[PDB]
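Trainee: just the first chains of my complex for now:
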Amino acid sequence: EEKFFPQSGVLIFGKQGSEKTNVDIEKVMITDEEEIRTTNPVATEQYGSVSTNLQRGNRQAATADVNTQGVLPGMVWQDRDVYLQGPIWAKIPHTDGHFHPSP
């Protein structure tokens, strides 16, 4: 699925000589993430499917779809890549509640 990519999911880098607006795909270099398809799901894709209520001998068994999700124990992933044509490090917000402050 090279054609499709997250609308705002990844990064965009215009080749040398790009104006400020409405430039075309001809100029930028969109970041393909066909690499993490091992651990991390696809944002453009659904995530899972869960039970809707409680099937029974009279009422049919429902199966709800799950697009958005949260985190739970038993989950492992890998943050975004590097892209030297991009940022190198970031700044963590000095607050109290933070989690896996990976950029």
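Mentor: That came through, no problem. Numbering: from 1, shown residues only, chains lettered A, B, ... in the order given.

Trainee: which residues does the most centrally placed residue in chain A contact?
Mentor: Central residue of chain A (C-alpha atoms, centre = their mean): residue A:43, 4.4 Å from the mean position. Going by C-beta atoms under 8 Å, 6 or more residues apart in numbering, residue A:43 touches A:6, A:9. Where C-beta positions appear, they are placed from N, C-alpha and C, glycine not excepted.

Trainee: where's it, which helix or strand?
Mentor: Here residue A:43 sits in a region with no helix or strand, counting by DSSP states H and E.

Trainee: any idea how far it is from residue A:87?
Mentor: In this structure, residue A:43 and residue A:87 are 20 Å apart, going by C-beta to C-beta, to the nearest Å.

Trainee: next, the buried residues of stretch A:34-54.
Mentor: Residues of stretch A:34-54 classed as buried: residue A:42 (neighbour count, 16 or more other C-beta atoms under 10 Å).

Trainee: so how far is it from its chain's centroid?
Mentor: Remark: stretch A:34-54 is offset 11 Å from the chain centroid, using C-alpha atoms, centre = their mean, to the nearest Å.

Trainee: with stretch A:72-80 instead?
Mentor: That offset, for stretch A:72-80, works out to 12 Å (C-alpha atoms, centre = their mean).

Trainee: repeat that for stretch A:43-61.
Mentor: That offset, for stretch A:43-61, works out to 23 Å (C-alpha atoms, centre = their mean).

Trainee: also stretch A:31-41?
Mentor: That offset, for stretch A:31-41, works out to 9 Å (C-alpha atoms, centre = their mean).

Trainee: contacts for it?
Mentor: A:2, A:5, A:9-13, A:47, A:76-78, A:81, A:83.

Trainee: the same query, at a cut-off of 10 Å, please.
Mentor: A:1-2, A:5-6, A:9-13, A:42-43, A:47-48, A:69, A:75-81, A:83, A:85-86 (C-beta atoms under 10 Å, 6 or more residues apart in numbering).

Trainee: which members of the residues you listed are classed as buried?
Mentor: Here, 16+ other C-beta under 10 Å leaves A:5, A:11, A:42, A:80 buried among the contacts of stretch A:31-41.

Trainee: reformat those residues as CSV; add distance to residue A:62 and secondary structure.
Mentor: Shown next, in CSV, are these (distance: C-beta to C-beta, whole Å; DSSP: H, G, I helix; E, B strand; the rest coil):
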residue, distance to residue A:62, secondary structure
A:5, 32, coil
A:11, 39, coil
A:42, 25, coil
A:80, 36, coil
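
Trainee: need the max-distance pair from those.
Mentor: Across the buried ones among the contacts of stretch A:31-41, the longest distance by C-beta to C-beta is 16.3 Å; it joins A:11 and A:42.

Trainee: what about stretch A:29-45, how long is it end to end?
Mentor: 22 Å (C-alpha to C-alpha, to the nearest Å).

Trainee: nope, stretch A:79-96 is what I was after
Mentor: 22 Å.

Trainee: stretch A:92-103 now?
Mentor: First-to-last residue span, stretch A:92-103, C-alpha to C-alpha: 8 Å.

Trainee: sequence for chain B below, add it please:
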Amino acid sequence: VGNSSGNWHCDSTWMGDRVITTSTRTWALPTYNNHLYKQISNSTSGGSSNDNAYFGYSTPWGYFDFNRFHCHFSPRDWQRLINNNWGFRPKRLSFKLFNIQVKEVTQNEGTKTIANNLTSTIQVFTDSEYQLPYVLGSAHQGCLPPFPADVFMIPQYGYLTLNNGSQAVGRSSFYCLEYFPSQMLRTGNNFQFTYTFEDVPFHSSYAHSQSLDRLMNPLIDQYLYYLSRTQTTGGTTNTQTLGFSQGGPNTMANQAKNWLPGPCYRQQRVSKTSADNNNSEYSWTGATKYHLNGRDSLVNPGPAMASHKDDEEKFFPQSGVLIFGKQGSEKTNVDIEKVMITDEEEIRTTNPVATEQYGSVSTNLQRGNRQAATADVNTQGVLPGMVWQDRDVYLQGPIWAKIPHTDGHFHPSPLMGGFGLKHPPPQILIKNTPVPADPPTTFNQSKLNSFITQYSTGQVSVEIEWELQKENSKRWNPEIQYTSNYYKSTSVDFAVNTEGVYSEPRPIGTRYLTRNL
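Mentor: To build on what is shown above, here is chain B added in:
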């Protein structure tokens, strides 16, 4: 008898990075259930279903309720701490109870007389191993008098175990503290012990200067682009094109950010005015609640959230924040006139608004034939890239809590705000020595029930050492501070009405000092 136990030591001190304070007060200790245990389950409930099920007992003993601030600190000092330091935590603690006085009481023909019975004694201890159900942290009332001169009584003690509504599973334990060591103490005999905390992140007592959405410079743009043109507004043939833009000093909303708002949970937006609320009883129905073993229940005093957005003073989460009735509030249906609802117009920088939606996500997969769907997202979970700040302090509230000794826990920061500990300060329990009344002259197989109604008093000492972080910021402009309104009022704030009974005009938070995010 011919000697007192300990002076009255109750003041505050600011040695700088530390601040020691203690509160000396007096109490009273009445007998209970006539020194008898009880089995309190939904058999004494009288109404509730598997929703308010409870199976526990009632111990004749009592415990201490000093888990608050307005009862440990004075108003001014609180102000002192708040307006000066960014963060703080508790370091050391001590406890002393003495000058005990037992007074038996006879009741001859409605004509009762209170004499003194020094011959008696008392027994009290502390649960270090945390083998007893931690009760505090539930923020039950009957706390130390948020005032010094007034004395009070120690609340009885009762706990609960696993239960199947009106009954209990075998896995429903049973406890009896009288199976523990207790510093048997007679009058004239003093009592003291010592405790120390462990490391805990200082409650971030500060307000942020910027916001997640606005932490980026304006004068510049982002060499990074984004999809700002799905179609081509080149006329009436708005085909499917791909225009892109960068960090517009105006399009900063569409700009690029690296962090994300903390987790959330959708609440029901109510209002302080009446006519703004619909006309239906959703207090227990249209409310935000969870489910557990059928025992469905609320999901607050809180969540990890901020009350509302800008200029929405009228609306507040239904059950999102705390509620504190001014001095002199009954048990039910009192009106908004009495309580002091907690406004959270402070965290609108990091944490979203529970009464508000959270986000909006793609529903399926747009295409040239089928339209692009956009689903709404009220509830959420947590993910990397999320940062927030737990609830505030509210000295008219809890001070710390108790972490459940389990395996799986996460950011055990309390939902009632405050501090959590894997090994919290113990629970103090006391009882009056069972004085068996006149026993039968001849033998009897049964046990003794007859006693002498008696109680005692004494002084509660509690040294709380404190750590702090003061504002070192170069905020050129005068940040905001908290101060009693400088005008003239009839009854001064936190003052004693002409009847000695004093109250608190308003609740107080910490996030005051403008700390750069």
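
Trainee: again for the contacts of stretch A:31-41, chain B present now?
Mentor: A:1-2, A:5-6, A:9-13, A:42-43, A:47-48, A:69, A:75-81, A:83, A:85-86 (C-beta atoms under 10 Å, 6 or more residues apart in numbering or on different chains).

Trainee: those residues in strands, which ones?
Mentor: A:12-13, A:48 (DSSP state E).

Trainee: and of the residues you listed, the nearest to chain B?
Mentor: residue A:12 (3.8 Å; C-beta to the nearest C-beta).

Trainee: is the closest residue in space to the closest one that isn't next to it in sequence in a bridge, and if so with what?
Mentor: Once flanking residues are discounted, residue A:12 sits nearest to residue B:225: 3.8 Å by C-beta to C-beta, 6 or more residues apart in numbering or on different chains. With DSSP bridges as the criterion, residue B:225 is bridged to residue B:246.

Trainee: count the neighbours of residue B:225 for me.
Mentor: Residue B:225 has 24 neighbours, counted by other C-beta atoms under 10 Å in any protein chain shown.

Trainee: in chain A, what residue lies closest to chain B?
Mentor: residue A:70 (1.1 Å).

Trainee: residue contacts, that residue?
Mentor: By C-beta under 10 Å, 6+ apart, the neighbours of residue A:70 are B:263, B:379-383.

Trainee: surely residue A:92 meets residue A:103?
Mentor: Yes - using C-beta atoms under 10 Å, residue A:92 is in contact with residue A:103, at 8.8 Å.

Trainee: which one of the contacts of residue A:70 is nearest chain A?
Mentor: For these, the nearest to chain A is residue B:381 (1.1 Å; C-beta to the nearest C-beta).

Trainee: is it true that residue A:26 touches residue A:15?
Mentor: Yes - contact criterion C-beta under 10 Å: residue A:26 and residue A:15 qualify, at 8.6 Å.

Trainee: which neighbours do the two have in common?
Mentor: In contact with both residue A:26 and residue A:15: no residue, using C-beta under 10 Å, 6+ apart.

Trainee: contacting residues around stretch A:88-98?
Mentor: A:82, A:101-103, B:87, B:201-204, B:206, B:208, B:210, B:212, B:215, B:258-259, B:262-263, B:304, B:349-351, B:382, B:384-390, B:411, B:413, B:515-517.

Trainee: change it to 8 Å
Mentor: A:101, A:103, B:201, B:203-204, B:208, B:212, B:215, B:258-259, B:262, B:304, B:350, B:386-390, B:411, B:413, B:515, B:517 (C-beta atoms under 8 Å, 6 or more residues apart in numbering or on different chains).

Trainee: how far does it stretch from start to finish?
Mentor: End-to-end distance (C-alpha to C-alpha), stretch A:88-98: 20 Å.

Trainee: distance between it and the chain's centre?
Mentor: With C-alpha atoms, centre = their mean, you get 20 Å for stretch A:88-98.

Trainee: ditto for stretch A:17-29
Mentor: So, by C-alpha atoms, centre = their mean, the centroid of stretch A:17-29 is 23 Å from its chain's centroid.

Trainee: stretch A:3-14 now?
Mentor: On C-alpha atoms, centre = their mean, the centre of stretch A:3-14 falls 10 Å from the chain's centre.

Trainee: got the end-to-end distance for that stretch?
Mentor: Start-to-end, stretch A:3-14 (C-alpha to C-alpha) is 18 Å.
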